[PDB]
Amino acid sequence: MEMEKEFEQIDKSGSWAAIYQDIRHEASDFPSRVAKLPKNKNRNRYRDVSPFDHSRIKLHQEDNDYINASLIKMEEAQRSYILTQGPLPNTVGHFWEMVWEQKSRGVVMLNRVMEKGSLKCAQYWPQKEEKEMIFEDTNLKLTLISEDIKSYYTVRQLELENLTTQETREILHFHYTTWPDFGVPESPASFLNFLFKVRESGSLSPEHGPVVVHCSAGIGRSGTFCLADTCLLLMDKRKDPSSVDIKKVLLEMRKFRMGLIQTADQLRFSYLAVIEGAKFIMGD
Ligand SMILES: Oc1ccccc1CNc1nc2ccccc2[nH]1
């Protein structure tokens, strides 16, 4: 069923809450035993948001390999994403170790460091060229190279150096800065524009490791970003673009990380972004 018609049918019936609950009910449940070990309690921002054991990213160190991060592997779309929480004061070194080890090109950040008067994630990148950051626990150095501030998002060019081998890499930071403190954006125009800038960069392409995507918990806004990208890619690839079922793509993605799309409003916003992005697709 053409999702645009499914959309009006749910909107006119105001059933968004009922669809969302159907998804919650059918979603996969897999063990998260590593995440719940007592040694890992300070590595988790939220007690109810954990990576599944089967899909968790492992850090390459014998001490403790745990990070709150999952690999979302979309077989038919041929895209992979790492979804993670906003780093904590004690996990900023782990975060950059993961970026290095997984060969990521891009980091996508969908939150502000402070929102609703509380800290949503650590200040994990340098704000001034001449004040670089050193992560002593993981032996990495990170320097701000350049910053492009726009009305709805900022792009930063960063150098990550593995101090053990003196190899360096270019890391692009895509920072969506205008998601509102409550609800979802009214128009998906600026969010789609942002997604197309990440794509244009090469960050989502198979020649690099998976893009690292985060918000505060790494399930809500983060879930919207990867669901819209995968759905629009499948509409490009298939003979019948109307076959793309957003609810079935979301349940496939929920096999890899729990709780992706946190509200009925986020589900509705995901439909809108795909419907409008297709509009700027069918003939753009
Ligand atoms: O390590 C890298 C490898 C390839 C590309 C980018 C980087 C980041 N570092 C960096 N220093 C610069 C100095 C002048 C102009 C561009 C620069 N990019």
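Going by the header, the method for this PDB entry is X-ray crystallography, and the resolution given is 1.8900 Å.

This part is about the layout of surface pockets. Counted as a void, the largest pocket has a volume near 800 Å³. Surrounding the largest pocket, 32 residues form its lining, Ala217, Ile219, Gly220, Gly259 and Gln262 being those nearest its centre. Class assignment of the residues belonging to the lining of the largest pocket gives a composition of 14 nonpolar, 9 polar and 9 charged. Size it by volume and the second largest pocket reaches roughly 220 Å³. Lining the second largest pocket are 15 residues, with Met74, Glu76, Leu234, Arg238 and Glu252 sitting closest to its centre. The element contributing the most residues to the lining of the second largest pocket is helix α6 (residues 246-253), with 3 residues. For the lining of the second largest pocket, a count of residues per class yields 6 nonpolar, 2 polar and 7 charged.

Let's shift gears to the site of the ligand. Near the ligand the following residues occur: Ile145, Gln157, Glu159, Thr168, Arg169 and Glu170. One of the side-chain nitrogen or oxygen atoms of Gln157 is found 3.5 Å away from a nitrogen atom of the ligand. Within the side chain of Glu159, an N or O atom sits 2.6 Å from a nitrogen atom of the ligand. In isolation the ligand exposes 420 Å². Once the protein is present, 44% of that is buried. Elements represented by at least two residues in the shell around the ligand include exactly β8 (153-162) and β9 (167-176). Examining the composition of the shell around the ligand, we find that 3 residues originate from one element, β9, more than from any other. Of the residues that constitute the shell around the ligand, the class distribution is 1 nonpolar, 2 polar and 3 charged.

Bringing the environment of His60 into the picture now. Within the secondary structure, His60 sits in the loop between α2 (16-26) and β1 (69-74). With relative accessibility at 56%, the residue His60 sits in the exposed group. A C-alpha to C-alpha distance of 28 Å links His60 and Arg199, two positions 139 residues apart in sequence. Excluding residues that lie within four positions of it along the chain, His60 makes contacts with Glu97, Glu101 and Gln102.

The contact between helix α4 (residues 189-200) and helix α7 (residues 264-282) brings their axes to 10 Å, and the two run at 65°. Judged by the twist between their axes, the crossing of α4 over α7 is right-handed. Every residue of α7 that contacts α4 at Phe191, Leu192 and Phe196 is listed here: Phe269, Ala273, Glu276, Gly277 and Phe280. For the contact of α4 with α7, the class distribution of residues is 6 nonpolar, 1 polar and 1 charged.

Where α2 contacts α7, the two axes come as close as 9 Å, and the packing angle between them is 95°. Judged on the interaxial angle alone, α7 and α2 are roughly perpendicular. Contacts from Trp16, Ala17, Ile19, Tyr20 and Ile23 of α2 reach α7 at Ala264, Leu267, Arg268 and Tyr271. Tallied by class, the residues present in the contact of α2 with α7 amount to 8 nonpolar, no polar and 1 charged.

Parameters and conventions
- Residues numbered from 1 in each chain as written, not as in the entry; some residues may be left out.
- Heavy atoms only, no water.
- 1 Å grid on protein atoms, 1.4 Å probe; cavity = no way out; pocket = protein on both sides within 12 Å on 5 of 7 lines; lining within 4 Å.
- Points joined across faces, edges and corners; volume = space filled by probe spheres on them.
- Nonpolar A, V, L, I, M, F, W, Y, C, P; charged D, E, K, R; others polar.
- Helix = DSSP H or I, 4+ residues; strand = E, 2+ residues; numbered from the N terminus.
- Near = heavy atom within 4 Å.
- Polar contact = N/O pair within 3.5 Å; in protein donor to acceptor, adjacent residues only side chain to side chain.
- Areas by Shrake-Rupley, 256 points an atom, 1.4 Å probe, with all protein chains shown as cover.
- Buried < 20%, exposed > 50% of the residue type's maximum accessible area, 1.4 Å probe, protein only.
- Contact = heavy atoms within 4.5 Å.
- Axes fitted to C-alpha atoms, helices over the stretch in contact; angles between N-to-C directions.
- Left-handed = near helix turned anticlockwise from the far one by under 90°.
- Parallel < 35°, antiparallel > 145°, perpendicular 65-115°, else oblique.

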